[PDB]
Structure formats: C-alpha cells, structure tokens
Amino acid sequence: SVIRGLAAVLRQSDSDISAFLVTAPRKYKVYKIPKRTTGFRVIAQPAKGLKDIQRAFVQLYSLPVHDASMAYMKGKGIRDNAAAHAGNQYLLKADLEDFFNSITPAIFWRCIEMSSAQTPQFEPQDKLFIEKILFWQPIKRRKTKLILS
DNA sequence: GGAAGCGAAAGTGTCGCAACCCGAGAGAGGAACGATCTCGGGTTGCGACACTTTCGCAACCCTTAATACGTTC
C-alpha cells in the first residue's frame, strides 16, 4: 500500500519503487563538513532517487508533532524558540546524546504503537519498506544496524 | 565502526639473592685423638620485575552530495 501511494505521487511503477527500495539503506553519500573551531562532522546524504521517495513519504503520511517542538516546523524557528524564554530570569539547557543516530526502527515502531495522538496505520508488509525508506545502514557488513541520518 | 601502531592495566612466571643446613677437613691441647672454625655444595622462601594478555584510541567515509548569501540542529 505504501508502495502504491509512493508510485502514484512519483509517477513511477510499483515494481520500480519496490526494486529501488531493496538496497535503499545503502544509497547514501558520506562526506565531512568542517566544524567552526577544529575538526569535522560526518554527514550521510541519501541519493537523489531516495530523497524523492523520502519526501513523498513525508508528504503522504502526517505524523504528530508537539507545539513545544521548534525545529523543522513550518513558520517557526530559532527566533520563536528564544522568544519563548526571553521573559524568564532563570534558564536551564539540556542536550540529548547522538540524537539522530540513536533513533532505530525499533524505537520508531514502538512510538507508532504507543502514540497518544492519531498515527497512520501501516500494514505489516509495508513495515519493511518503511524501514528501507527512512533508515540508513552505516556498516555494509552489518545489515541489522539501521539508524536515522 | 574501528585500520595500524601503540601503551595502560592487570595478571603470571622467572630468577637471583640471602639465610640456613650439612658434611669435610686441618689439627688445639699434649698421646688420645679430634676442639673449633671455615670451605663448598645444596635447599628453600621471597619478592622485584620481566613477560603476557587484553583493551581501546579513531584512520577511512563506502558507487550513491550540492554549490545565491546568512542563521540553527
């Protein structure tokens, strides 16, 4: 079903989408970006074909997002984030470790199952394709380690 | 995650030393042998340290990226 939706959006055949997705988790280019002081960050960008599929997926399936989430939100950003705290005198900042690379298929599906707001329901057959759309395989030899990039 | 080379941390084995034991031997006193002291070889326990093993730092960026200027993750 996910395949049919994507094929319709991308004006491609179900077969060519399915075929592409087989090794989609390996279709990433890895490069380095300089940090502002010393050193580098390592970035993995999906190939163009995969990016198109990923964008289509996000368009087709609306997932809930809390109002306190300020990043990657349409019509919001760093100004709104800062403004929320500008009237208060005391401040605390905390950070999550390896945030993106900590999110695995297991976490994702758990969140879908747990979700208090309404989530899209996926057929079990589609779950494998969704994992291939959304998660990167950093280690060629280890097919079992899939993480967000 | 983890190349290749490297050294920290921790456990095990080796080995040289010191203390001790033992029998051999030259021979003090004056005839009756063998008092006392030292040589030389061996055994044992100890502990400092050499050897051995394991872990873990982080190269590389996978065929697969885009390029108007900034900011944030």
Side-chain angles (χ1 to χ4, degrees), chain A residues 2-3 5-112 114-117 119-120 126-149:
Chain A
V2 167
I3 298 290
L6 292 170
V9 167
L10 294 171
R11 303 194 287 284
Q12 291 182 46
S13 72
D14 56 76
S15 305
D16 41 41
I17 297 293
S18 193
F20 185 90
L21 288 178
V22 169
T23 58
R26 295 286 310 138
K27 293 186 168 66
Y28 286 72
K29 180 60 172 182
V30 176
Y31 57 86
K32 299 197 294 173
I33 62 167
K35 292 185 146 289
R36 293 182 176 172
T37 49
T38 42
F40 297 97
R41 281 179 187 283
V42 171
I43 303 297
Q45 207 185 135
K48 290 169 74 70
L50 184 51
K51 284 192 281 169
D52 295 336
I53 295 171
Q54 286 178 351
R55 288 180 189 124
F57 178 87
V58 160
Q59 283 291 281
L60 283 169
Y61 299 100
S62 106
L63 292 162
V65 47
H66 192 280
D67 291 342
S69 307
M70 300 307 298
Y72 317 122
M73 290 303 289
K74 225 71 72 73
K76 296 213 287 184
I78 62 167
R79 201 233 284 127
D80 300 352
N81 190 37
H85 303 279
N88 292 333
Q89 58 176 334
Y90 307 114
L91 187 72
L92 174 65
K93 292 285 300 204
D95 246 87
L96 300 168
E97 285 183 358
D98 308 320
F99 177 54
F100 280 95
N101 288 182
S102 295
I103 300 172
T104 63
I107 293 173
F108 173 63
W109 292 123
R110 191 184 161 186
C111 294
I112 293 282
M114 215 58 68
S115 74
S116 48
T119 27
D126 289 337
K127 290 193 182 309
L128 186 60
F129 291 116
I130 293 167
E131 292 184 358
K132 291 180 177 188
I133 293 161
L134 297 177
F135 293 84
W136 169 45
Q137 186 183 317
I139 306 147
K140 181 172 172 67
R141 293 175 55 68
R142 178 138 77 264
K143 291 185 79 71
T144 50
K145 188 202 181 183
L146 285 182
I147 60 174
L148 285 190
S149 161

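Just so it is clear: chains get the letters A, B, ... in the order the sequence lines come, proteins before strands, and each one is counted from 1. Hydrogens, waters and symmetry mates play no part in the numbers below; they use all other heavy atoms, side chains included.
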- Query: Taking the side chain from A/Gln54 and the backbone from A/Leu134, do they hold a donor-acceptor pair closer than 3.5 Å?
  - Reply: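 Checked: no pair found.
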
- The side chain of A/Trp136 lies closest to which of these nucleotides: B/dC62, B/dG1, B/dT71?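 Of the options given, the side chain of A/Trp136 lies nearest B/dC62.
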
- Per A/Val30 side chain, nearest of listed nucleotides B/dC61, B/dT64, B/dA66: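 Among B/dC61, B/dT64, B/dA66, the one nearest the side chain of A/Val30 is B/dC61.
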
- Task: Using five base pairs at each end, measure the axis-to-axis angle across the helix from B/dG5-B/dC57 to B/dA26-B/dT36 and round it to 10 degrees.
- Result: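 Answer for the end axes of this duplex: 30°.
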
Is any side-chain N or O of [X] closer than 4.0 Å to OP1 or OP2 of [N]?
X	N	value
A/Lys29	B/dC61	no
A/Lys51	B/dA66	yes
A/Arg142	B/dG1	yes
A/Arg36	B/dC73	no

Using the sign of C1'-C2'-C3'-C4', would you call the sugar of [N] north or south?
N	value
B/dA32	south
B/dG70	north
B/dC60	north
B/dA4	south
B/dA35	south

- Give a yes or no on whether a donor-acceptor pair under 3.5 Å exists between the nucleobase atoms of B/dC73, that is its base, and the side chain of A/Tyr72.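 Yes.
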
With the criterion being N/O to N/O and under 3.5 Å, what pairs connect the protein with nucleotides 55-58 of chain B, and how long is each?
none

- Query: Is any side-chain heavy atom of A/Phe129 less than 4.5 Å from a side-chain heavy atom of A/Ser18?
  - Reply: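 Of all side-chain heavy-atom pairs linking A/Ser18 with A/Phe129, at least one is under 4.5 Å.
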
- Message: My understanding is that a pair needs two contacts under 3.5 Å, Watson-Crick or G-U wobble. By that rule, which nucleotide pairs with B/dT71?
- Response: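 In the structure as shown, B/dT71 has no Watson-Crick or wobble partner.
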
- Message: Once you apply a heavy-atom cut-off of 4.0 Å, does A/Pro138 come out as touching a base, just sugar-phosphate, or nothing?
- Response: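 Base contact.
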
